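Heads up, the chain below is alone and in the form deposited in one PDB entry; it's given as structure tokens.
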């Protein structure tokens, strides 16, 4: 009778997008929203050498029928504009996606004397970057430390080089001007395996990577993967979502 349905649980979902107000507003037209039957909801923004991804905890999602097929639509929607931003309305009383067609997702949203329904074309030909769980250098950073890096890059623009040292453990951040901000192994930075590795990434993709993780106001886990090409991984999460970023060398 009814089609496969993926509903959002609004008490956790509405607290997550309020925490994400800053990021939800600065998405651009390169941003996809993917619905999976895990259940999972994934926001992805792909760019030149950077990929950021926000994954809502299954805590926020409820799925009717696991034969729901994966849907990926654009966030920039032909009449409503910013789809995610429009789910941050505080009037929202019901929010679910149905799998009617193989070509489109049907989204339903309610408010007190209002109900809307729309259908966006599915994008077939988009992938979602995954954390390779192999990592050569793995470094946890205090949220206080992340605020320090933010306040130190807050006038951008340039390039940043991230060096990580073995004995003793330390992570250092050198800028194209010269300025260096280093942290040593204390109680604000944990080192899960830091032999000697270095990456070079665009400074504003690193700065924006930090703004995304800072929305959780918790620790971030920074890593350096040496697989295909030296990839910088920067992630933070809370009990409602997880922010992941993937930057490659310049």
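Numbering follows the first chain given and starts at 1.
There is also a form deposited with a partner chain bound; it is not shown, and the following applies to it.
Chemist: Looking at 221, 59, 208, 38, which has any heavy atom no more than 4.5 Å from the partner chain in the bound PDB entry?
Modeler: Residue within 4.5 Å of the partner: 38.
Chemist: Of 51, 215, 26, 197, which one comes within 4.5 Å of the partner chain in the bound PDB entry, counting heavy atoms only?
Modeler: When the partner chain is considered in the bound PDB entry, the option within 4.5 Å is 51.
Chemist: Can you check 72-80, 147-155, 160-168, 174-182 and let me know which stretch has heavy atoms within 4.5 Å of the partner chain in the bound PDB entry?
Modeler: Within 4.5 Å of the partner lies stretch 72-80.
Chemist: Is there a heavy atom of residue 16 lying 4.5 Å or less from a heavy atom of the partner chain in the bound PDB entry?
Modeler: Judged by the heavy-atom cut-off of 4.5 Å, residue 16 is well away from the partner chain in the bound PDB entry.
Chemist: Test of understanding: in the bound PDB entry, would residue 248 fall inside 4.5 Å of the partner chain by heavy atoms?
Modeler: Residue 248 belongs to the contact set for the partner chain.
Chemist: Is there a heavy atom of residue 228 no more than 4.5 Å from a heavy atom of the partner chain in the bound PDB entry?
Modeler: Residue 228: yes, in contact with the partner chain in the bound PDB entry.
Chemist: Residue-level question: is residue 32 within 4.5 Å of the partner chain in the bound PDB entry, judged on heavy atoms?
Modeler: Yes.
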